[PDB]
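Peer 1: Test case, fold it:
(chains A, B, C, D, E, F, G, H and I)
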Amino acid sequence: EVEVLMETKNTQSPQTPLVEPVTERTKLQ
Amino acid sequence: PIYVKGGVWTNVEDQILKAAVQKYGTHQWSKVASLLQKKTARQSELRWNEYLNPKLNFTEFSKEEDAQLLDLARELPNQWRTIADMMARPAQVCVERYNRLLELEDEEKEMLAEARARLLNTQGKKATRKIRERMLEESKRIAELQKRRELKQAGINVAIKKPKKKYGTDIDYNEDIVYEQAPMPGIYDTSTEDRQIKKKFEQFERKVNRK
Amino acid sequence: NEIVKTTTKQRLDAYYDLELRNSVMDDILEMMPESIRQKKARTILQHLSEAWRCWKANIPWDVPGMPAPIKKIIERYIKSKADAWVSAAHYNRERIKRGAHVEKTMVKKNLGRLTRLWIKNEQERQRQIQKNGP
Amino acid sequence: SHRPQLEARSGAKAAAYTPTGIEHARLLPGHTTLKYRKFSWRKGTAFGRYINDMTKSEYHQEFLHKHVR
Amino acid sequence: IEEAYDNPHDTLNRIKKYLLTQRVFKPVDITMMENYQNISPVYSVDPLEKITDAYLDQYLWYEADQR
Amino acid sequence: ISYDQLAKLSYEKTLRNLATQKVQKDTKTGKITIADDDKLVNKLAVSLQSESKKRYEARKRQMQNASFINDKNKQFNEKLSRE
Amino acid sequence: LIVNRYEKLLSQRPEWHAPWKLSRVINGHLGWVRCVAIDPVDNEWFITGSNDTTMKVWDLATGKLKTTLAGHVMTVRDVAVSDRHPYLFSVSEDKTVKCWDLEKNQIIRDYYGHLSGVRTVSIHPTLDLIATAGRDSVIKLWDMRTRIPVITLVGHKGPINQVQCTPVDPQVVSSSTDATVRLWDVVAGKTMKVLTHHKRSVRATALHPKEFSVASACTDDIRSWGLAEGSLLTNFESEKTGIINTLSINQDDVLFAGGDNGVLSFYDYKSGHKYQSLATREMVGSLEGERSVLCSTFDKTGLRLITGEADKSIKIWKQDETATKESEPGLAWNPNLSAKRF
Amino acid sequence: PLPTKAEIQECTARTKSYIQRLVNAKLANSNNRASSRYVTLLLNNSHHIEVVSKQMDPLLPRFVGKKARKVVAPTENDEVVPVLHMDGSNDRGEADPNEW
RNA sequence: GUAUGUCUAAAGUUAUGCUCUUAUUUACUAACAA
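Peer 2: Numbering: from 1, shown residues only, chains lettered A, B, ... in the order given. I have put the structure below:
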């Protein structure tokens, strides 16, 4: 579907390269 | 004598092959070949594909069909398998038609007997062995009974030996109830019925004893 | 006596396939309105197995007497299975190229799979050639 | 002879079974603590001037081409 | 092959006849020899036709190079 | 025909088989002794046995009616042929 | 008495909800997206478990593949991020219930015990204890810290397609193929009450957020159940729709049900009113049986549905902000009465 | 009503206490003394008595009893429970099996 | 030749068209010989 407001995405690669955590370690300074 | 396979399809042989195909299906060509002492796997499969398979046809072609054929020849030059497919016929036959348009028993009986024997024998060795053991076991049991019975007649009462229990928690089911899951507790009273059935049981036992 | 074995490379496939047929069977029972017996599920799963083999061959699996929904469902599930297979094969071949630890048996298996895959591809190309001219 | 799986080994029996008291490898205490959240010459020629099918993916055909010869 | 050695002229005749006539052959079994980069297809023609193929091939090369 | 209908229809039948020809509760025990006619229960027992016997012999006849190899296959081809 | 009830039903009015449209489509995986689960703390990223076994994490806003995670062997049948503590639990047919840690992107603790390919995980909301159940027909309960099975809620007589952990006394809602659902005195190791109002596999269950109830699915009927007493609440109008795979409820009483037909259903959770059918599309190359929504979940917002379909697609759905009671009303609700459940 | 926060605290307290005890039991049970450090009186009538646990030799098996018995479970479904579906399909329910 | 699986290993539980004769094949089997 090239026409419609449905927005298709044929994704492949990671953005965050398995280093940047999915949740971050909250802490003191 | 051992030798290289080939030859010609005797009608009996063909029939046997057909039977095999019914049995084992169209993709175990080794087994079917084995069933035929003369003919190879490849040979067999080819034969089935080419001549023997009933979803082929050898009816003559209509004038329209003739036209289609010869037109195909004109257009697809001698790619007769493709042409055959187009026709919806087997290829050799098509070719023959095109060409037309342009212008001992002891052995056989041996394999038969063997064949029929095989086809009517459809179990792996485990099965055969198992049934053998079953009948043997039965025989053994009856022999044992004959001894026991003989001794009883003789006046010596011998209790039948248990099965030599395979494991510590192996069950004899005559000892006590298997896993007595009792009936659902009684809404309607059941006492008389219990009595009557008990009596029936005991009576049955008595009968058996007398029997 | 609660042994339960994990999956490993050696028994992965068998476990997979049993899980698959359990899923398929479940789906078909959900679909089927009569509440048929397990023995009638044997016909179903056996049917599935045949379908899988047919797919492997590239012979279309068109059994006449089925209901369409079942045919759909089985087509789906073999596509899933097929997808798993093909991708696995691809992964293996890259692995083999790399020169990694891989089972002699496993490499033969991969060769077989990739051959069947190749044949399927090929005859599909033949079909394509036929279906829309040279 | 040898038969498909239908009615799985239900952990009812394993529950009513007695404990073993063996020490398996992985049940050794790993990560004890939990986390949390914040919250001219060219003239003279003859010719001078996605799909969801794993068997029809461009990657797939290409791959096959690569790995056959 | 052995028979062909035994009966050369006859073999030749047979070949010629086949060439004149035979346009439907025994199907070709295949396999894949495993060069671990790229698996290579191996076509296996049924021996009788194979002889024909051979002779024809050789003849063609001799004639082609000659011509 | 569903098992809904086939139940009621078989119910209707055995009512025609009928058409051919007290409660005491100890509430402390919960035992609801329905003293009823012992001759009628015996007539149920004999009739129900006879019904099951009639059915049992019905299969036996249909089993003895007659592209296969063994007992099962013959029937399995019969399961294919009925379609 | 039926006429009274029917009359009462007609008297009342199921409220208007905005309908849905296919906002985003992601052909991310190379398999079925049988699991989907969304982070309840931040509403930023949602992960989806393929059949490939590579559970992939997806940002909502962009839609891009945030990162892959592949610790399993077989199809990741279910996952469950714990809002309470930063642990992504998952589970495969390989019988593992691996607990990822997202503070590291690795796996931390495996939970060995499960006899057969576990179908579902549900984490306990108010404890560090998780529930899991599979073909074993057993809903186990893991103490996370100590990675042992604490207790095993035997009862079900067949595989146990879903489970939901709640905070109350009935801490577990176990939905099985056994055509049942169970509520458990977890401490006792006993089903406190056992609802059975289903003909078929009870294979899609969901807790309502702000109601304390749980909808369940069969082959067609979709009950909705009030798990305080262990009582029924509401039959639905799912009379012709397919086998329900998943059943995620929205925040705003917008019960979703996913069809093996392929048709996205949409219900008003309060009433049962089928206020939108939506026949899904497949990807160009797919076959017509493959369009089957095999997973579903809503965000914290409730304004984005995410659906793991078997077209290897992760379709997402917005409620229409242009909608009114005259511009796209519901499907003109009518209780059928034809020997019906309502 | 979505459950009361106070009552949730109750339930959590109860069940948490229970599971902690259970895990303790599991731990002190096991032979690995390593996991002993993660462990978080009676009367038999009107008549009175003191119960004690005698410490035993740490060579001999801690729990002489347990030997991994196979045991079949009795179901104990003493209370009956219905299975109760409301429908009656005749036209579509009989036309379908010919297709199915 | 093996896995493997059975077997034995001794003490008495108190009741009143055929039969026949042969010669030949083929198959299978054979830790038996060549």
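Peer 1: count of residues packed around residue H:10?
Peer 2: 14 (other Cβ atoms under 10 Å in any protein chain shown). Any C-beta I mention is one placed from the backbone N, CA and C, and that applies to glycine too.
Peer 1: Can you tell me the element it falls in?
Peer 2: helix H:5-29 (DSSP states H and E).
Peer 1: hmm, that helix touching chain D?
Peer 2: Yes. Residues of helix H:5-29 contacting chain D under Cβ under 8 Å from any Cβ of the partner chain: residue H:29.
Peer 1: Determine the set of other helices and strands touching the helix or strand following that helix.
Peer 2: Next helix or strand after helix H:5-29 toward the C-terminus (DSSP H and E): helix H:91-99. Packing contacts for helix H:91-99, counted by 3 or more Cβ pairs under 8 Å, 6 or more residues apart in numbering or on different chains; DSSP states H and E, involve no helix or strand.
Peer 1: With only the CA atoms kept, save helix H:91-99 in CSV.
Peer 2: Provided in CSV are the C-alpha atoms of helix H:91-99 (Å, rounded to 0.1, in the frame of the first residue of the first chain):
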residue,chain,number,x,y,z
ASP,H,91,-30.3,-24.9,11.1
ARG,H,92,-26.6,-23.7,11.0
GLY,H,93,-25.6,-26.4,13.5
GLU,H,94,-26.8,-29.2,11.2
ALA,H,95,-26.0,-27.7,7.8
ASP,H,96,-22.4,-27.1,9.0
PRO,H,97,-21.3,-30.7,9.8
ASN,H,98,-21.8,-31.6,6.1
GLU,H,99,-19.2,-29.0,5.3
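Peer 1: and that helix, how far from the chain's centre?
Peer 2: Here helix H:91-99 is found 46 Å from its chain centre; the criterion is Cα atoms, centre = their mean, to the nearest Å.
Peer 1: tell me the phi and psi of the residue nearest the centre of chain B?
Peer 2: With distances taken as Cα atoms, centre = their mean, residue B:122 lies nearest the centre of chain B, 3.6 Å away. When read as degrees, to the nearest 10, the backbone of residue B:122 gives phi -120, psi 40.
Peer 1: Could you measure from the closest residue to it other than its chain neighbours over to chain A?
Peer 2: Excluding its sequence neighbours, the residue lying closest to residue B:122 (Cβ to Cβ, 6 or more residues apart in numbering or on different chains) is residue F:69, at 6.4 Å. From residue F:69 across to chain A, the span is 55 Å (Cβ to the nearest Cβ, to the nearest Å).
Peer 1: if we can go back for a sec, which elements pack onto the helix holding residue H:10?
Peer 2: Under the contact criterion of 3+ Cβ pairs under 8 Å, 6+ apart, helix H:5-29 touches strand G:139-143, strand G:148-153.
Peer 1: what distance separates the shortest one from the middle of the whole chain?
Peer 2: Centroid displacement of strand G:139-143 relative to its chain, using Cα atoms, centre = their mean, is 19 Å.
Peer 1: Direction included, what does it pair against?
Peer 2: The partner list of strand G:139-143 in its sheet, established with DSSP bridges, is strand G:129-134 (antiparallel), strand G:148-153 (antiparallel).
Peer 1: sorry, back to before: highest mean neighbour count out of the helices and strands packed on helix H:5-29?
Peer 2: strand G:139-143 (a mean of 26; mean count of other Cβ atoms under 10 Å in any protein chain shown).
Peer 1: quick one, what contacts residue G:192?
Peer 2: Residues in contact with residue G:192 (Cβ atoms under 8 Å, 6 or more residues apart in numbering or on different chains) are G:169-170, G:183-185, G:230.
Peer 1: now residue D:13
Peer 2: Contact analysis of residue D:13 by Cβ under 8 Å, 6+ apart lists H:70-73.
Peer 1: filter these down to the ones close to chain C.
Peer 2: When contact is defined as Cβ under 8 Å from any Cβ, these meet chain C at residue H:70.
Peer 1: Could you export the contacts of residue D:13 as TSV, including neighbour count and distance to residue B:133?
Peer 2: Below are these laid out as TSV (neighbours: other Cβ atoms under 10 Å in any protein chain shown; distance: Cβ to Cβ, whole Å):
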residue	neighbour count	distance to residue B:133
H:70	12	27
H:71	13	32
H:72	10	29
H:73	12	34
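Peer 1: What about the contacts of residue G:192, which are in strands?
Peer 2: Within these, residues falling in strands by DSSP state E are G:170, G:183-185.
Peer 1: can these go into a markdown table with extra columns for distance to residue H:27 and neighbour count?
Peer 2: What follows is the ones in strands among the contacts of residue G:192, written out as a markdown table (distance: Cβ to Cβ, whole Å; neighbours: other Cβ atoms under 10 Å in any protein chain shown):
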| residue | distance to residue H:27 | neighbour count |
| --- | --- | --- |
| G:170 | 28 | 23 |
| G:183 | 29 | 24 |
| G:184 | 24 | 26 |
| G:185 | 24 | 16 |
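Peer 1: which secondary structure element contains residue G:277?
Peer 2: Per DSSP H and E: residue G:277 is located in strand G:274-278.
Peer 1: For chain G, which residues are neighbours of chain D?
Peer 2: For chain G, the residues in contact with chain D (Cβ under 8 Å from any Cβ) are G:27, G:30, G:41, G:83-87, G:101, G:103, G:108-110, G:112, G:114-116, G:128, G:135-138, G:140, G:144-148, G:152, G:154, G:157, G:159, G:282-286, G:290, G:311-312.
Peer 1: again, 7 Å this time
Peer 2: Within reach of chain D by Cβ under 7 Å from any Cβ of the partner chain, chain G has these residues: G:27, G:41, G:84-87, G:101, G:103, G:108-110, G:112, G:115-116, G:128, G:135-138, G:144-145, G:147-148, G:152, G:154, G:159, G:283-286, G:311-312.
Peer 1: most centrally placed residue in chain F?
Peer 2: Mean-position check on chain F, Cα atoms, centre = their mean. Result residue F:52 at 5.3 Å.
Peer 1: still on that earlier bit, in this structure the residue nearest to residue B:122 contacts residue B:117, no?
Peer 2: No. With contact defined as Cβ atoms under 7 Å, residue F:69 does not reach residue B:117; the gap is 11.3 Å.
Peer 1: Comparing these two, which residue is more hemmed in?
Peer 2: More crowded of residue F:69 and residue B:117, by other Cβ under 10 Å: residue F:69, with 16 against 9.
Peer 1: distance of that one from chain H?
Peer 2: For residue F:69, the distance to chain H equals 31 Å [Cβ to the nearest Cβ].
Peer 1: swap in residue G:91?
Peer 2: Relative to chain H, and taking Cβ to the nearest Cβ, residue G:91 is found at 20 Å.
Peer 1: tally of neighbours for that residue?
Peer 2: For residue G:91, using other Cβ under 10 Å, the count is 30.
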